[PDB]
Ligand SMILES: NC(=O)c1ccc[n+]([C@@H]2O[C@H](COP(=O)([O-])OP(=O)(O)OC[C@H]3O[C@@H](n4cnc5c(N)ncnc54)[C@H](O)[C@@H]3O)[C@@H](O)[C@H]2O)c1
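Only one chain is included here, represented as structure tokens and corresponding to the form solved without the ligand.
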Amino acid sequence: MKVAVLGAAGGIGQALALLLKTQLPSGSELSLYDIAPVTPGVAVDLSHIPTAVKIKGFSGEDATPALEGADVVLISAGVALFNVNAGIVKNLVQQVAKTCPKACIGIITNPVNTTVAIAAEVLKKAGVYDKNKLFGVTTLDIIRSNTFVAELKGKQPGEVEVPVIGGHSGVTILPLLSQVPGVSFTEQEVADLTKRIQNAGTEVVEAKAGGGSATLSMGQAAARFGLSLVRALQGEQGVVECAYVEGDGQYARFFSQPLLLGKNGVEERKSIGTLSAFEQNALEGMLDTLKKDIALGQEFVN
């Protein structure tokens, strides 16, 4: 199995590449690509870590050498936004559609609500789009929910898993706090937890005082989703992760929901389950923003 990360020189890419080099199963290959000429040296530096993962870096305009034989392509390039990131997403996904068109594509570049629709429209212009292979990485909302819920209820952070559906934008992030096993929240606890999970990025941008956004936890989030897909792509069963994908269309063309992952991408789109009165109201009131964020990306290509 080979994983290619596009945007490896940035803060998210280097954290992503570091965690993958350490956590990818033995015999895996890791290709790093970015425009900055420092990228081959990022791989050389990571190549000194004693894990059975082959790593090589590439720079320049052409990402093809890094995409050769890629099973998973994680795109973390761009700034941490539609103005400057729409062109980078369209450019990189274009090269993916020519080199490894049947790879699993994970969009980390934000706004994920919009850039995944750009990637899909670019992929279908190449006659290549497979809605089972394109994922918007929303895992940062998952791990942020686990940290806040565990701190509130005094549980161990690694033993708390809350499902998050909807989109990646603030109002679109919907944590299903009613579905957490063994935990119950008051109606005010749900309100405070939901708003903190929806504004958790501003919490980091504010504390950094303009020096950047969440770059290490986002790398940790992209690494978790990357290894989950590699496990599924290796025949591992029961691998369930929530990701922003094009599915039923019951709420929007693209919607983050539980996904049973198999050897060809998503195996089954599991239901979002039973929703509380609060979660149902938040889902409906958010839909208008999600559809506009999707329409923005579709019109950019069309």
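Each residue number is its position in the shown sequence, starting from 1.
The form deposited with the ligand bound exists for this protein as well; it is not shown, and the discussion that follows is about that form.
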Exercise for the section: Give a yes/no on whether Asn85 approaches the ligand to within 4.5 Å in the bound PDB entry, heavy atoms considered. Expected result: yes
Exercise for the section: Report whether the minimum heavy atom distance between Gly78 and the ligand in the bound PDB entry is within 4.5 Å. Expected result: yes
Problem - Contact of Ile35 with the ligand in the bound PDB entry (heavy atom, 4.5 Å) - result: yes
Exercise for the section: Mark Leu174 yes when one of its heavy atoms lies within 4.5 Å of a heavy atom of the ligand in the bound PDB entry, and no otherwise. Expected result: no
Problem - the ligand: the contacting residue among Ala214, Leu227, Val180, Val122 in the bound PDB entry [heavy atom, 4.5 Å] - result: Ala214
Practice task
Name the residue from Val72, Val162, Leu140, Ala223 that puts a heavy atom within 4.5 Å of the ligand in the bound PDB entry.
Solution key: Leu140
Exercise for the section: Specify the contacting stretch among 88 to 96, 152 to 160, 124 to 132, 189 to 197, defined as having any heavy atom within 4.5 Å of the ligand in the bound PDB entry. Expected result: 88 to 96
Problem - Heavy atom distance at most 4.5 Å to the ligand in the bound PDB entry, all of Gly170, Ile294 and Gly297 - result: no
